[PDB]
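S.K.: Below you will find the structure I want to go over with you.
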Amino acid sequence: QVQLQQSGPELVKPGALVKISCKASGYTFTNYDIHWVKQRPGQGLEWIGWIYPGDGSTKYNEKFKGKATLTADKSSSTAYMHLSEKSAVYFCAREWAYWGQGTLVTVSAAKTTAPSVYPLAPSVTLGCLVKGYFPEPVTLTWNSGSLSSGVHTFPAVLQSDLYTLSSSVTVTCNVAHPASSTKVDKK
Amino acid sequence: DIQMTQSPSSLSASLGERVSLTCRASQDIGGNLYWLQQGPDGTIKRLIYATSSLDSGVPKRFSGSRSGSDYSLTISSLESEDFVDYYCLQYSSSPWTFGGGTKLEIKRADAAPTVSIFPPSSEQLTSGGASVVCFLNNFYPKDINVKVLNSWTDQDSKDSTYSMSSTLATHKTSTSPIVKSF
Amino acid sequence: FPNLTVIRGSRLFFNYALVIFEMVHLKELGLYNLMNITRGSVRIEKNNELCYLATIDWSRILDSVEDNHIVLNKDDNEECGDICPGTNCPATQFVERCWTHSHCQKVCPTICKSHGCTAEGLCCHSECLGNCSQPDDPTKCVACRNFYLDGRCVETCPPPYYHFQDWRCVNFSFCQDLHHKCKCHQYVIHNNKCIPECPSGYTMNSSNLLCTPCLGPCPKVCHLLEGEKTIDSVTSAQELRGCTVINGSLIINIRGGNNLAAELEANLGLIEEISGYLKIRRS
Amino acid sequence: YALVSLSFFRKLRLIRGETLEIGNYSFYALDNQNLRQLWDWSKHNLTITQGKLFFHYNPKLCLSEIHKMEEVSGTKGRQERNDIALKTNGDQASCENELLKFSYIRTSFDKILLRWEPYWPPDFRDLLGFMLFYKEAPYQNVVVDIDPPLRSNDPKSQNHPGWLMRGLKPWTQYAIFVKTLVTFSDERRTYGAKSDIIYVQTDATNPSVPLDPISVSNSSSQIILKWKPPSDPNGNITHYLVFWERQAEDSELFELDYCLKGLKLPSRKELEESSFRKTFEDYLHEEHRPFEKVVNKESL
Amino acid sequence: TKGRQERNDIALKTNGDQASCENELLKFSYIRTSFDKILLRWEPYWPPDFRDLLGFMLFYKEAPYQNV
Ligand SMILES: *[C@@H]1O[C@H](CO[C@@H]2O[C@@H](C)[C@@H](O)[C@@H](O)[C@@H]2O)[C@@H](O[C@@H]2O[C@H](CO)[C@@H](O[C@@H]3O[C@H](CO[C@H]4O[C@H](CO)[C@@H](O)[C@H](O)[C@@H]4O[C@@H]4O[C@H](CO)[C@@H](O)[C@H](O)[C@H]4NC(C)=O)[C@@H](O)[C@H](O)[C@@H]3O)[C@H](O)[C@H]2NC(C)=O)[C@H](O)[C@H]1NC(C)=O
Ligand SMILES: *[C@@H]1O[C@H](CO)[C@@H](O[C@@H]2O[C@H](CO)[C@@H](O[C@@H]3O[C@H](CO)[C@@H](O)[C@H](O)[C@@H]3O)[C@H](O)[C@H]2NC(C)=O)[C@H](O)[C@H]1NC(C)=O
Ligand SMILES: *[C@@H]1O[C@H](CO[C@@H]2O[C@@H](C)[C@@H](O)[C@@H](O)[C@@H]2O)[C@@H](O[C@@H]2O[C@H](CO)[C@@H](O)[C@H](O)[C@H]2NC(C)=O)[C@H](O)[C@H]1NC(C)=O
Ligand SMILES: *[C@@H]1O[C@H](CO[C@@H]2O[C@@H](C)[C@@H](O)[C@@H](O)[C@@H]2O)[C@@H](O[C@@H]2O[C@H](CO)[C@@H](O)[C@H](O)[C@H]2NC(C)=O)[C@H](O)[C@H]1NC(C)=O
Ligand SMILES: *[C@@H]1O[C@H](CO[C@@H]2O[C@@H](C)[C@@H](O)[C@@H](O)[C@@H]2O)[C@@H](O)[C@H](O)[C@H]1NC(C)=O
Ligand SMILES: *[C@@H]1O[C@H](CO)[C@@H](O)[C@H](O)[C@H]1NC(C)=O
Ligand SMILES: *[C@@H]1O[C@H](CO)[C@@H](O)[C@H](O)[C@H]1NC(C)=O
Ligand SMILES: *[C@@H]1O[C@H](CO)[C@@H](O)[C@H](O)[C@H]1NC(C)=O
């Protein structure tokens, strides 16, 4: 089974440098090129460069010349990429046939912050507002998961370095934020 | 560098529809073209190599061809799982370059949004802030204007509609906008 | 290299014992202790800043300067103000000889020959070469004219010692250690010399490391790099000339060549055994 | 023995057969060990008015070529039993009918890495391997034995046979194509697959040193620098980069008394040598001075 | 190595397919010298299906020593 196992997600402070890994399985690491691609949320793919593990030989796309450095560790069968902005996903691929899972790299200066959970009500549609938290994610359910039909949970959007998420239900809001060990219940 | 011009950007289709995507190359790529599929998971799978060669276990509904500088990915008959993103990639020369991508959407009957407005919660007001939320639920097509932060859902797996949240509605289906205030 | 005194030239670079080439930034040689180049010539070429060449009398350092090739240096297109310490140096046109602005070329009385002399002009011992710390003492030489043994310059290596690398005397045990460090070159003894391999017509008497003549053709085991060798020409076949045993496998991929069949038999005709496989492909 | 094709007969369009070789043959090919082509039947037309074809002992000539000739020439129903041998024509040839495609191509200045479709004949045992051919090809008007890959399973394994070309000159176009080496089996033989000729150009890299440079001054202000181009340009040369820098006067010249009688101020085997210059050629793999980027010229 | 080879280790159809594996002996019935000429005759050979005989082939080289 040819497999490429990736790192992350990497939450980094702005200006810090980050190193992501791509652990190869099921083949002779030495004999095949490892390519790396960048993908900004909602955008397309971009080629970064490649490395031939056996040779240590490398080649970069001009637009990533100083921004990325590709290395490989033959003894561990792992490929690495050291980076120098905002969120971007980074992919690893063995000559484009086998792809890694992708590593999510988020650039933020923010500290952990618990959300403020507000019930909303003034068929019938009710809502739940989860404002000003960090980092992602939150787990939101209705009536402890009993009410799943007619639910719309909206993707979190980053507002002044803190997240906001909302949910509606058409006919109690349960919110959990791992990072802060917060668990809220609003009728 | 070789520019790969991929069209259409988006394509709405129905289950069972034959559809095709096209990649036009800047320079001759001599059939050194791949087609990649990217799912909602973000996971990329290579479908086609060498213009028309299908990768292992890639359903026979996927096929590739070329006529001149135009390279195409054709799905003979769409299955639900196919409504994802697709990208071409040339490997003829030095900087490997991709097409802009194509997103497959499910074509549905038009639907007007269910618009609901909600005044700030008493708890937020006690805290000093005030956020007014308006939900634009279960509409089709995806293009909608609201008249601040916006967050849009991806297409609903059950009813093929879309939904939007605007926090502090003009749609194809109405001549004049849907107005909600308190 | 302030004290480099002798370059023996046992092995040379295309006939040269000293090569100074495309040394961008070199202003002088400054090898002020270099007294003798025992074999070979000097090639000093294309050094655009190089001076203090005209000031060296190479006839004091080499027997034959006829084969020197000293050209395309700053010195040739006379921009060199080669000024010696006595603006004091010995002179040999009769011109003063120096290596730098602060170092003369050492010149001894002619009676001293190649042996060198002290500052007072007293001859070093006849077994010295170039210089000594004390006159007429073969234990005080900077270098030896012939061979080196036990802190002394000697005319030949006496039995039971062997001549090694044409400059030092070594005992049996030393030559034996080299031989077994291989088990590259597994060193042998021949004509009172400890040498890398037996000369043509001779083979290793295993025990005592002594070269003995071979009755008929010499046995020769050729161990192949990465256990395989592809012969695709007369040139590659020549690399196996004299082999009687191949330790490895041969791949023959000969698509042409002049004088072949005869040439292949000359180079491969003595092979008796191949330990691996023999593959003839596209020949 | 010397012929690989009969295409040298560029304008031959008719053989009348007014006279025939014994057995009534107008075209007879016997014991041509390297003959691979008659004419290129995609371009050439040849008519044979009378007589039959005879083909025996043409090991490198595919029967398809012979059958094409019958079609082109209008000799199709003329041949009798053993006029064209089934067992001594093409028996030793590459009659690859199937197409291998390159799945992957990668350049380096010195290397090319390729992958290509896996070929498996019916009795896969019959696959001896692959064969990759590459030559330096400046114009597109146009050997490695590759072990067969790892068989047994076929779920999600890039069993794509490939090769890393390592020799290669930089900024050089290479004609390349792959072939399957197989076994002529006891039944209706499997001819196999060859890839088409692809051209691949190595990357460029840093150029060799400009050769034979000469500095001259015809004037009290002018310097005429001339040179030959790098022996190994490893790319299309864009410009030459010349820097000049005035050299300060010899410090010591200001502090010498030249009235002191020593006032001489400066008036300011061949194939052993061949291989010598060549040895270093082969050994050869912030501030600002006045400079000039010399475009389309070999002088300044 | 007699019992070692398996199916298709040695090809029956791609070894010797283009060769002279003449097993039978032709004998010269007649020989005649001239200073410039040599006239020879030799046994007639006829294979089973005589149609299969393409002809004969005579080879001659100047040979000073009989080490040919
Ligand atoms: C090589 O080619 C020749 C010629 O091929 C013919 O012409 C070409 C252009 C095509 O149209 C071919 O299809 C065509 O065959 C072949 O020679 C032919 O061989 C056949 C079979 O043996 C003959 O037919 C048979 O003829 C006999 C009668 O015998 C004829 O020949 C005798 C020779 O001594 C005479 O004594 C006979 O009288 C008789 O003579 C023939 O008379 C007619 C007119 O009445 C003439 O047109 C003929 O030309 C003439 N023959 C000769 C040799 O002059 C009969 O009993 C039987 O039923 C057949 O009809 C062909 O007649 C003969 N033609 C020629 C021109 O020689 C060779 O066989 C081919 N060889 C090979 C190996 O393929
Ligand atoms: C440099 O030092 C040597 C020290 O001996 C000076 O002498 C030269 O020594 C070499 C051997 O080291 C002699 O070479 C030999 O010559 C014979 C033939 O005569 C030949 O058979 C050998 O193979 C070998 O080449 C050389 O003759 C001898 N020359 C002289 C003049 O003594 C040498 O002179 C020193 N040179 C200077 C300039 O100091
Ligand atoms: C035989 O020779 C060895 C090695 O000799 C040393 O290396 C030579 C090149 C030279 O530099 C010699 O003077 C050296 O001695 C002898 O081994 C040495 O013995 C001394 C004591 O005599 C000891 O201090 C060293 O460490 C030893 N060195 C090594 C490398 O073993 C050995 O004793 C000699 N044997 C006989 C019988 O003479
Ligand atoms: C010194 O040479 C320069 C350059 O000469 C040119 O190149 C030579 C190899 C040869 O081909 C000459 O005929 C070329 O002129 C002279 O400078 C140029 O001179 C021409 C007139 O001959 C003038 O039109 C250009 O503008 C000059 N270029 C520059 C940069 O000044 C120069 O005059 C010569 N001087 C002497 C004293 O010989
Ligand atoms: C190929 O040639 C056939 C025969 O050619 C004709 O006859 C000869 C003797 C000449 O006179 C020649 O000029 C004639 O054209 C044609 O019948 C056939 O059509 C040709 N086919 C093509 C594709 O050119
Ligand atoms: C010779 O060697 C001595 C060692 O002390 C050194 O001081 C001296 O400079 C050298 N002699 C000559 C003549 O160069
Ligand atoms: C390829 O074309 C060039 C001219 O562009 C010519 O000089 C060369 O000989 C041609 N080679 C072949 C094999 O046709
Ligand atoms: C034949 O023998 C002679 C010596 O009598 C020799 O010179 C010649 O090369 C030999 N030729 C062959 C093919 O053995």
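Identifiers in the structure tokens: chain A, B, ... in order shown; residue index from 1 per chain; ligand index from 1 in order shown.
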Skip residue 39 of chain A itself and residues of its chain fewer than 3 positions away, then list as a PDB file with N, CA, C and O atoms, in the first residue's frame all residues within 12 Å of it, counting only C-alpha atoms.
M.R.:
ATOM      1  N   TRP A  36       5.561  18.995  -3.549  1.00  0.00           N
ATOM      2  CA  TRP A  36       4.768  19.734  -2.551  1.00  0.00           C
ATOM      3  C   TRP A  36       3.894  20.805  -3.230  1.00  0.00           C
ATOM      4  O   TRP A  36       4.338  21.495  -4.169  1.00  0.00           O
ATOM      5  N   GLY A  42     -10.246  27.807  -0.198  1.00  0.00           N
ATOM      6  CA  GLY A  42     -11.120  28.152  -1.314  1.00  0.00           C
ATOM      7  C   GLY A  42     -10.449  28.432  -2.645  1.00  0.00           C
ATOM      8  O   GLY A  42     -11.136  28.681  -3.645  1.00  0.00           O
ATOM      9  N   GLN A  43      -9.118  28.394  -2.679  1.00  0.00           N
ATOM     10  CA  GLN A  43      -8.406  28.659  -3.918  1.00  0.00           C
ATOM     11  C   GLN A  43      -7.957  27.364  -4.582  1.00  0.00           C
ATOM     12  O   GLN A  43      -8.390  26.269  -4.196  1.00  0.00           O
ATOM     13  N   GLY A  44      -7.112  27.525  -5.597  1.00  0.00           N
ATOM     14  CA  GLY A  44      -6.556  26.435  -6.369  1.00  0.00           C
ATOM     15  C   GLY A  44      -5.224  25.960  -5.840  1.00  0.00           C
ATOM     16  O   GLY A  44      -4.695  26.487  -4.849  1.00  0.00           O
ATOM     17  N   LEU A  45      -4.671  24.967  -6.535  1.00  0.00           N
ATOM     18  CA  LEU A  45      -3.400  24.365  -6.179  1.00  0.00           C
ATOM     19  C   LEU A  45      -2.264  25.110  -6.890  1.00  0.00           C
ATOM     20  O   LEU A  45      -2.461  25.706  -7.964  1.00  0.00           O
ATOM     21  N   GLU A  46      -1.085  25.087  -6.265  1.00  0.00           N
ATOM     22  CA  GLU A  46       0.123  25.764  -6.726  1.00  0.00           C
ATOM     23  C   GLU A  46       1.317  24.840  -6.496  1.00  0.00           C
ATOM     24  O   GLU A  46       1.421  24.261  -5.412  1.00  0.00           O
ATOM     25  N   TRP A  47       2.221  24.702  -7.494  1.00  0.00           N
ATOM     26  CA  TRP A  47       3.397  23.850  -7.275  1.00  0.00           C
ATOM     27  C   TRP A  47       4.547  24.542  -6.497  1.00  0.00           C
ATOM     28  O   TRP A  47       4.987  25.620  -6.894  1.00  0.00           O
ATOM     29  N   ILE A  48       5.051  23.906  -5.429  1.00  0.00           N
ATOM     30  CA  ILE A  48       6.148  24.496  -4.632  1.00  0.00           C
ATOM     31  C   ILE A  48       7.544  24.030  -5.091  1.00  0.00           C
ATOM     32  O   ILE A  48       8.496  24.823  -5.246  1.00  0.00           O
ATOM     33  N   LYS A  86      -1.568  34.412   6.840  1.00  0.00           N
ATOM     34  CA  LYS A  86      -2.903  33.775   7.005  1.00  0.00           C
ATOM     35  C   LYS A  86      -2.887  32.260   6.624  1.00  0.00           C
ATOM     36  O   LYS A  86      -1.889  31.784   6.079  1.00  0.00           O
ATOM     37  N   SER A  87      -3.997  31.517   6.898  1.00  0.00           N
ATOM     38  CA  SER A  87      -4.194  30.077   6.612  1.00  0.00           C
ATOM     39  C   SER A  87      -3.824  29.612   5.194  1.00  0.00           C
ATOM     40  O   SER A  87      -4.096  30.326   4.225  1.00  0.00           O
ATOM     41  N   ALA A  88      -3.239  28.385   5.086  1.00  0.00           N
ATOM     42  CA  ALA A  88      -2.884  27.675   3.841  1.00  0.00           C
ATOM     43  C   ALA A  88      -2.701  26.201   4.143  1.00  0.00           C
ATOM     44  O   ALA A  88      -2.188  25.846   5.204  1.00  0.00           O
ATOM     45  N   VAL A  89      -3.177  25.350   3.242  1.00  0.00           N
ATOM     46  CA  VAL A  89      -3.015  23.906   3.349  1.00  0.00           C
ATOM     47  C   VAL A  89      -1.856  23.511   2.458  1.00  0.00           C
ATOM     48  O   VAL A  89      -1.715  24.041   1.356  1.00  0.00           O
ATOM     49  N   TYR A  90      -1.010  22.610   2.951  1.00  0.00           N
ATOM     50  CA  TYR A  90       0.147  22.150   2.214  1.00  0.00           C
ATOM     51  C   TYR A  90       0.077  20.642   1.952  1.00  0.00           C
ATOM     52  O   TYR A  90      -0.066  19.862   2.894  1.00  0.00           O
ATOM     53  N   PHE A  91       0.146  20.240   0.663  1.00  0.00           N
ATOM     54  CA  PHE A  91       0.109  18.834   0.234  1.00  0.00           C
ATOM     55  C   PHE A  91       1.459  18.279  -0.181  1.00  0.00           C
ATOM     56  O   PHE A  91       2.303  18.993  -0.708  1.00  0.00           O
ATOM     57  N   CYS A  92       1.609  16.984  -0.017  1.00  0.00           N
ATOM     58  CA  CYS A  92       2.780  16.214  -0.328  1.00  0.00           C
ATOM     59  C   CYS A  92       2.327  15.155  -1.311  1.00  0.00           C
ATOM     60  O   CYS A  92       1.268  14.581  -1.106  1.00  0.00           O
ATOM     61  N   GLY A 102      -2.695  16.383   3.482  1.00  0.00           N
ATOM     62  CA  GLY A 102      -2.622  17.838   3.574  1.00  0.00           C
ATOM     63  C   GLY A 102      -2.474  18.321   5.017  1.00  0.00           C
ATOM     64  O   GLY A 102      -3.135  17.806   5.932  1.00  0.00           O
ATOM     65  N   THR A 103      -1.584  19.301   5.250  1.00  0.00           N
ATOM     66  CA  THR A 103      -1.374  19.863   6.588  1.00  0.00           C
ATOM     67  C   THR A 103      -1.929  21.278   6.638  1.00  0.00           C
ATOM     68  O   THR A 103      -1.543  22.114   5.812  1.00  0.00           O
ATOM     69  N   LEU A 104      -2.803  21.562   7.616  1.00  0.00           N
ATOM     70  CA  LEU A 104      -3.307  22.918   7.730  1.00  0.00           C
ATOM     71  C   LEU A 104      -2.410  23.817   8.598  1.00  0.00           C
ATOM     72  O   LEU A 104      -2.303  23.608   9.801  1.00  0.00           O
ATOM     73  N   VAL A 105      -1.814  24.843   7.972  1.00  0.00           N
ATOM     74  CA  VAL A 105      -0.960  25.834   8.625  1.00  0.00           C
ATOM     75  C   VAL A 105      -1.738  27.137   8.796  1.00  0.00           C
ATOM     76  O   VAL A 105      -2.048  27.783   7.797  1.00  0.00           O
TER      77      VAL A 105
ATOM     78  N   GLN B  38     -10.479  16.606  -6.259  1.00  0.00           N
ATOM     79  CA  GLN B  38     -10.318  16.960  -4.858  1.00  0.00           C
ATOM     80  C   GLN B  38     -11.673  16.934  -4.189  1.00  0.00           C
ATOM     81  O   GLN B  38     -12.619  17.583  -4.636  1.00  0.00           O
ATOM     82  N   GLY B  42     -10.671  17.430   1.232  1.00  0.00           N
ATOM     83  CA  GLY B  42      -9.471  18.136   0.782  1.00  0.00           C
ATOM     84  C   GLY B  42      -8.512  17.157   0.137  1.00  0.00           C
ATOM     85  O   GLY B  42      -7.453  17.524  -0.378  1.00  0.00           O
ATOM     86  N   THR B  43      -8.908  15.898   0.138  1.00  0.00           N
ATOM     87  CA  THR B  43      -8.117  14.826  -0.408  1.00  0.00           C
ATOM     88  C   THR B  43      -8.147  14.814  -1.951  1.00  0.00           C
ATOM     89  O   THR B  43      -9.196  14.813  -2.622  1.00  0.00           O
ATOM     90  N   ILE B  44      -6.926  14.860  -2.484  1.00  0.00           N
ATOM     91  CA  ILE B  44      -6.617  14.829  -3.902  1.00  0.00           C
ATOM     92  C   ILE B  44      -6.337  13.374  -4.353  1.00  0.00           C
ATOM     93  O   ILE B  44      -5.599  12.641  -3.688  1.00  0.00           O
ATOM     94  N   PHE B  98      -1.038  24.054 -12.883  1.00  0.00           N
ATOM     95  CA  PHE B  98      -2.405  23.562 -12.800  1.00  0.00           C
ATOM     96  C   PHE B  98      -3.394  24.465 -13.464  1.00  0.00           C
ATOM     97  O   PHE B  98      -3.172  25.666 -13.596  1.00  0.00           O
ATOM     98  N   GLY B 100      -7.174  26.317 -13.284  1.00  0.00           N
ATOM     99  CA  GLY B 100      -7.858  27.082 -12.244  1.00  0.00           C
ATOM    100  C   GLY B 100      -8.832  26.304 -11.383  1.00  0.00           C
ATOM    101  O   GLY B 100      -9.183  26.738 -10.284  1.00  0.00           O
ATOM    102  N   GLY B 101      -9.248  25.156 -11.874  1.00  0.00           N
ATOM    103  CA  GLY B 101     -10.199  24.297 -11.203  1.00  0.00           C
ATOM    104  C   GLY B 101     -11.604  24.462 -11.724  1.00  0.00           C
ATOM    105  O   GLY B 101     -11.942  25.490 -12.339  1.00  0.00           O
TER     106      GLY B 101
END
S.K.: Neighbouring residues of residue 223 of chain C were defined as those with any atom within 7 Å, considering only C-alpha atoms; residues of the same chain fewer than 6 positions away were excluded. Please report them as a list in words.
M.R.: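 Contacts, with the query itself left out: residues 246, 247 and 248 of chain C.
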S.K.: Generate a file of the selected residues that holds N, CA, C and O atoms, formatted as a PDB file, in the first residue's frame.
M.R.:
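Listed below is the output, part_39.pdb:
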ATOM      1  N   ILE C 246      37.546 -14.441 -12.188  1.00  0.00           N
ATOM      2  CA  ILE C 246      36.643 -13.336 -11.988  1.00  0.00           C
ATOM      3  C   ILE C 246      35.776 -13.612 -10.793  1.00  0.00           C
ATOM      4  O   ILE C 246      35.066 -14.621 -10.777  1.00  0.00           O
ATOM      5  N   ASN C 247      35.829 -12.717  -9.797  1.00  0.00           N
ATOM      6  CA  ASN C 247      34.962 -12.817  -8.646  1.00  0.00           C
ATOM      7  C   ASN C 247      33.886 -11.788  -8.901  1.00  0.00           C
ATOM      8  O   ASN C 247      34.089 -10.585  -8.711  1.00  0.00           O
ATOM      9  N   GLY C 248      32.774 -12.289  -9.415  1.00  0.00           N
ATOM     10  CA  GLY C 248      31.645 -11.488  -9.850  1.00  0.00           C
ATOM     11  C   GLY C 248      31.053 -12.062 -11.116  1.00  0.00           C
ATOM     12  O   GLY C 248      31.294 -13.225 -11.461  1.00  0.00           O
TER      13      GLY C 248
END
S.K.: Among segment 36-175 of chain A, which residues does DSSP mark as helix (DSSP H, G or I) when it is run on the backbone? Keep the chain and numbering as in the structure and answer as a ChimeraX atom specification.
M.R.: /A:62-64,143-145
S.K.: If you run DSSP over the backbone, which residues in chain A end up strand (DSSP E or B)? Put them as a ChimeraX atom specification.
M.R.: /A:3-6,10-12,18-25,34-39,45-52,57-60,68-73,78-83,88-94,98-99,103-107,113,116-120,125-134,139-142,151-153,157-159,162-170,173-177,182-186
S.K.: Enumerate as an MDAnalysis selection string the residues within 10 Å of ligand 2, counting only C-alpha atoms and all ligand atoms.
M.R.: chainID C and resid 6:10 35:40 57:65 112:116 126:130 144:146 166
S.K.: Dump the neighbourhood of ligand 8 as a list in words: all residues within 10 Å, distances computed on only C-alpha atoms and all ligand atoms.
M.R.: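 If we count only C-alpha atoms and all ligand atoms, the neighbours of ligand 8 turn out to be residues 63, 64, 65, 66, 67 and 68 of chain E.
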S.K.: Pick out the residues no farther than 6 Å from ligand 5, counting only C-alpha atoms and all ligand atoms, and list them as a ChimeraX atom specification.
M.R.: /D:14,45,47
S.K.: Got a sec: who's within 7 Å of residue 28 of chain E, counting only C-alpha atoms, leaving out chain neighbours fewer than 6 positions off, as JSON, numbers by chain?
M.R.: {"E": [41, 42, 43]}
S.K.: Using only C-alpha atoms, please write the residues we just selected to a file, as a CSV table (one decimal), in the first residue's frame.
M.R.:
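Final file, result-v8.csv:
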chain,number,residue,atom,x,y,z
E,41,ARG,CA,30.8,-30.5,-59.5
E,42,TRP,CA,29.2,-31.9,-56.4
E,43,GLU,CA,26.4,-34.2,-55.3
S.K.: If the limit is 10 Å from any atom of ligand 1, counting only C-alpha atoms and all ligand atoms, which residues qualify? Return them as a PyMOL selection string.
M.R.: (chain D and resi 17-18+20-25+49-52+78-80) or (chain E and resi 51)
S.K.: Need to verify the contact set: residue 242 of chain C, 12 Å, only C-alpha atoms, exclusion of same-chain residues closer than 6 positions in sequence. Can you return it as a PyMOL selection string?
M.R.: chain C and resi 200-201+217-222+264-272
S.K.: Can you work out which one of D:226, D:92, D:219, D:252 has the shortest atom-to-atom distance to ligand 4, counting only C-alpha atoms and all ligand atoms?
M.R.: D:219
S.K.: Give me the chain C side of the contact with ligand 3, cut-off 10 Å, one line per residue showing its nearest atom pair and distance in Å at one decimal, counting only C-alpha atoms and all ligand atoms, sorted by chain and residue number, as CSV.
M.R.:
residue,atom,partner,partner_atom_place_in_ligand_line,distance
C:148,CA,ligand 3,10 (C),9.5
C:149,CA,ligand 3,13 (O),7.2
C:150,CA,ligand 3,13 (O),5.6
C:151,CA,ligand 3,13 (O),8.0
C:160,CA,ligand 3,38 (O),9.4
C:161,CA,ligand 3,38 (O),9.1
C:164,CA,ligand 3,9 (C),9.4
C:168,CA,ligand 3,9 (C),8.0
C:169,CA,ligand 3,9 (C),7.7
C:170,CA,ligand 3,9 (C),6.0
C:171,CA,ligand 3,1 (C),5.1
C:172,CA,ligand 3,1 (C),6.7
C:173,CA,ligand 3,1 (C),5.0
C:174,CA,ligand 3,2 (O),5.1
C:175,CA,ligand 3,2 (O),8.6
C:176,CA,ligand 3,1 (C),9.5
C:177,CA,ligand 3,30 (C),9.0
S.K.: Name all residues at most 12 Å from residue 179 of chain C (count only C-alpha atoms; drop same-chain ones fewer than 2 positions away) and give them as a VMD selection string.
M.R.: chain C and resid 172 to 177 181 to 189 194 to 197 204 206 to 210
S.K.: As an NGL selection string, please: every protein or nucleic acid residue near ligand 6 (cut-off 12 Å, counting only C-alpha atoms and all ligand atoms).
M.R.: :C and (2-6 or 31-36 or 98-99 or 103-109 or 112 or 114-124 or 128-135 or 140-143)
S.K.: Could you give me, as a PyMOL selection string, every polymer residue with an atom at most 12 Å away from an atom of ligand 4, counting only C-alpha atoms and all ligand atoms?
M.R.: chain D and resi 214-226+297-300
S.K.: Output the selection as a CSV table (one decimal), in the first residue's frame - N, CA and C atoms for each residue.
M.R.:
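Saved result, selection_31.csv, follows:
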chain,number,residue,atom,x,y,z
D,214,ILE,N,41.6,38.2,-24.2
D,214,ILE,CA,42.8,39.1,-24.4
D,214,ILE,C,42.4,40.6,-24.2
D,215,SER,N,43.2,41.2,-23.4
D,215,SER,CA,43.1,42.6,-23.0
D,215,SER,C,44.2,43.4,-23.7
D,216,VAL,N,43.8,44.5,-24.4
D,216,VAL,CA,44.8,45.3,-25.2
D,216,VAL,C,44.4,46.8,-25.0
D,217,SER,N,45.3,47.7,-25.2
D,217,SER,CA,45.1,49.2,-25.1
D,217,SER,C,45.7,49.9,-26.3
D,218,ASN,N,44.8,50.2,-27.3
D,218,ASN,CA,45.2,50.9,-28.6
D,218,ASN,C,45.4,52.4,-28.3
D,219,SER,N,44.8,52.9,-27.2
D,219,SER,CA,44.7,54.2,-26.7
D,219,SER,C,45.2,54.4,-25.3
D,220,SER,N,45.3,55.7,-24.9
D,220,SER,CA,45.7,56.1,-23.5
D,220,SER,C,44.5,56.1,-22.6
D,221,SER,N,43.3,55.8,-23.1
D,221,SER,CA,42.1,55.7,-22.3
D,221,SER,C,41.3,54.4,-22.7
D,222,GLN,N,41.5,53.9,-23.9
D,222,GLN,CA,40.7,52.7,-24.3
D,222,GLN,C,41.4,51.4,-24.0
D,223,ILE,N,40.6,50.4,-23.6
D,223,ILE,CA,40.9,49.0,-23.3
D,223,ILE,C,40.0,48.1,-24.2
D,224,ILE,N,40.5,47.3,-25.1
D,224,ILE,CA,39.8,46.4,-26.0
D,224,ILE,C,40.0,45.0,-25.5
D,225,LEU,N,39.0,44.5,-24.9
D,225,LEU,CA,38.9,43.2,-24.3
D,225,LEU,C,38.1,42.3,-25.3
D,226,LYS,N,38.8,41.2,-25.8
D,226,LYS,CA,38.1,40.2,-26.7
D,226,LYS,C,38.2,38.9,-26.1
D,297,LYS,N,27.7,40.1,-28.3
D,297,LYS,CA,29.0,40.6,-28.7
D,297,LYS,C,30.1,39.8,-27.9
D,298,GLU,N,31.3,39.6,-28.5
D,298,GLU,CA,32.4,38.9,-27.9
D,298,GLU,C,33.6,39.7,-27.8
D,299,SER,N,33.4,41.0,-27.5
D,299,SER,CA,34.4,42.1,-27.3
D,299,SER,C,33.8,43.2,-26.5
D,300,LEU,N,34.6,44.1,-25.9
D,300,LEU,CA,34.2,45.2,-25.2
D,300,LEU,C,35.2,46.3,-25.3
S.K.: Please determine the contact residues of chain E with respect to chain D at a cut-off of 7 Å, counting only C-alpha atoms, and supply them as a list in words.
M.R.: residues 14, 17 and 18 of chain E
